[PDB]
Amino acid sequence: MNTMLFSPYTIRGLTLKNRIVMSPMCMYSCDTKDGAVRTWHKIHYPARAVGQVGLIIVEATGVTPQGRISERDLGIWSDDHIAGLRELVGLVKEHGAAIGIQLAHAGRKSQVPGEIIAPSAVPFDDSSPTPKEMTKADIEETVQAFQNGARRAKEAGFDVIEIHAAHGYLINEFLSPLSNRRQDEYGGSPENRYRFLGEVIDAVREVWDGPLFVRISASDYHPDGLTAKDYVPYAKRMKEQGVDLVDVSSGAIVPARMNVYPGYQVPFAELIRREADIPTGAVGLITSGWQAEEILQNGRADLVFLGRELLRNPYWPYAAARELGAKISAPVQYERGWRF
């Protein structure tokens, strides 16, 4: 009757109505190819807000044109993006949800034409372009891009900011020795490989004091790569720097075979949560209320992130409530339909 899934959760004064989070998912719907919010986004995101999702994280938003995954990504490299993002924020919040945004940079995995950058001039695979080895100017420049992105998100009115340090993208590339072969202060050791992430966090915190999320790939799924245990010290530091919650994913630094199954990334979320003593978000094949409640009640994570399931059904929270025999507030307009 009284579940944890539909119990409020507060982060730095921001109270989420429940533990349900819409995981950041690229829509590749910027038809103008200028990183601008389009009509699609204005229908896509607010629909989940009506569905009673507590927190909606907007897809990976490129902090630079080269930082995009594709030419159809959302962008935040220009003050001109603020208006569209502000409109999106207004629409989502107006319908009851808190809204966040995922600041991102694809790095060597960018599919945008032209030069792409990485810690080292090593391609993702034999079929990918060789990225440019970033100079220290490029580094502080990219850090500034993240800070500016954060400032624009703040102006747009976002409630939450997430730093995308996962899925083998730019920050993840600095993190993993598989991609980071630098021999300056940005590579060659756990501390050095973390530096870039540390500087991004600090820069963001200069202009942003709201809830701050970091999304990581807890594992590289490679013998010579990173494991969940490597991220425990990193999470402790993130905590000291004022990161509020770790959004725990995994993989994609290089091509690799992964054993995918229900809750396959949950152990990573709990590892960091209990060892680094920091709130975590669980993601990866979470599709049922029954499943989500188990994750919460057993203290494996504090928030549950839903991906593809929210693509199949934007009103998932209602089905989850039914599933758990719980009752939640429905939009007044849908009360006749939302029966418990």
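Residues carry their position along the shown sequence, with the first being 1.
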The stretch carrying the higher mean Cα B factor in the deposited entry, 308 to 316 or 273 to 281, is 273 to 281
Per the PDB entry, mean CA B-factor is higher for 153 to 161 or 173 to 181, namely for 173 to 181
Max C-alpha B-factor within the set 76, 116, 104, 246 falls on 116
One of 210, 96, 267, 187 has the largest Cα B-factor in the entry, namely 187
In terms of its chain's C-alpha B-factors, the third that includes residue 64 is the middle
For residue 23, the third of its chain by CA B-factor is the lowest
Assert third(CA B-factor, residue 216) within chain per record equals lowest
In terms of its chain's C-alpha B-factors, the third that includes residue 4 is the middle
Binned into thirds over the chain's modelled residues, the C-alpha B-factor of residue 11 lands in the middle
